[PDB]
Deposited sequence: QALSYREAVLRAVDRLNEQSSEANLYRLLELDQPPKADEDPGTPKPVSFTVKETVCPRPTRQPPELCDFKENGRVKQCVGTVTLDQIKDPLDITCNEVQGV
């Protein structure tokens, strides 16, 4: 469970690392073999090149919200996030 939650936060970090957007996204809601994941992330006030954990970054109001899905290994990134329509 805990390792699970941590792998999701870790994924959020990777999405931010691979991102091309201006700001860091932060976890909004969390809904051996890789485990399925489904969670939403939301845009924060912190600009992408910032060595600040996203959880210390306030959400941007009216900031973009995305739904991410895929998998995580409790020990490559396999999640794709699409803006919520």
| query | finding |
| --- | --- |
| Unmodelled intervals of the deposited chain, in order | 1, 33 to 41, 86 to 89, 100 to 101 |
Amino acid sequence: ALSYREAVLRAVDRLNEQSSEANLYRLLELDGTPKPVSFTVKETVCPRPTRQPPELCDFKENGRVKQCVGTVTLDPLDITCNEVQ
From here on, numbers count along this sequence of modelled residues.
{"query": "Mean Cα B-factor comparison, 50 to 58 or 37 to 45, giving the higher one as deposited", "finding": "50 to 58"}
{"query": "Entry-level comparison of average CA B-factors, 76 to 84 and 4 to 12, reporting the higher stretch", "finding": "76 to 84"}
{"query": "C-alpha B-factor winner, where the candidates are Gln67, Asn23, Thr71, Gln18", "finding": "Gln18"}
